[PDB]
């Protein structure tokens, strides 16, 4: 019944095939799709938003969308995606302690929203030392962190952002900062990149909104040609590799007051001693927009800047 407490139709100005914005044939396809899944005895994740994400990923080919959804449900159960938040909460102290070890080296933080109300997400790669990374974490651990974030996005960020926007929010506005990376390191982590792409595209269809790659070094175009082969055409269409004019491009999409100063905006933490890489600021922290789902857990424990 949580779905009844936030908007379940997108902005009328959203992309085709989104909730509330369907053609008659798309409406009929959705009804047929839900009917097949109900008949197969699925009960959860049958809402308009979820099912239309799958339909869009397979161009409203109902049989292909069924195969995709069924396989996703299989994965969620086998992997533990259905209990990942609960499992984290039951081992919070230990998991937080480990997460904080990586935060400074690999900043990953949400910070308000874009102009459409999408959670605004930043990740910085240039401080990563691969040798040190491999000694404090594992690839599988990082993939767990990704899956846990997808679940937190869906249970906490979506409801609050949708209530604020006045319409359903389904996707992220992401900024990936590559300032200071070595292209050698980039090639070395290709298999990890593929694992992220595989989980994202197979089990979390249509979660990408905007994906900006900034401060990429010369020669990044070459490296990205090793990534493209395992990205679906729709995925490629969401990724924008920006140049020296990146600040101007970000400002078309993101309110100036929501963009950190170093990226050309005016956003500054309230205590300038606080760190962005421990921060989690957005509508999901505002009592006005938190609903029956409750407030998101603090991913950086006591260090979490809210």
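Residue numbers count along the first chain shown, from 1.
**Q** Given the B-factors recorded for C-alpha atoms, which segment has the greater mean, 128 to 136 or 214 to 222?
**A** Taking the mean C-alpha B-factor of 214 to 222 and of 128 to 136, the larger value falls to 128 to 136.
**Q** Going by the B-factors listed in the PDB entry, is the mean over the C-alpha atoms higher for 163 to 171 or for 232 to 240?
**A** Between 232 to 240 and 163 to 171, it is 232 to 240 that shows the higher mean C-alpha B-factor.
**Q** Can you pull the Cα B-factors for 188, 76, 207, 148 from the entry and say which is highest?
**A** The C-alpha B-factor peaks, among 188, 76, 207, 148, at 188.
**Q** Whose C-alpha has the highest temperature factor in the PDB entry: 177, 114, 98, 198?
**A** Each of 177, 114, 98, 198 was compared by C-alpha B-factor; the highest is 98.
**Q** So where's residue 266 on the chain's Cα temperature factor ranking, which third?
**A** As the PDB entry reports it, the C-alpha B-factor of residue 266 lands in the highest third of its chain.
**Q** Grab the CA temperature factor for residue 247 from the record and place it in the lowest, middle or highest third of its chain.
**A** It falls in the middle third of the chain.
**Q** Would you mind checking where the Cα B-factor of residue 142 ranks among the modelled residues of its chain, as the lowest, middle or highest third?
**A** Its C-alpha B-factor belongs to the middle third of this chain's values.
**Q** Looking at the entry's B-factor column for C-alpha atoms only, identify whether residue 47 ranks in the lowest, middle or highest third of its chain.
**A** Answer is lowest: the recorded C-alpha B-factor places it there.
**Q** Using the B-factors in the PDB entry, rank residue 108's C-alpha atom against the chain and give the third, lowest, middle or highest.
**A** Lowest third, going by the recorded CA B-factors of the chain.
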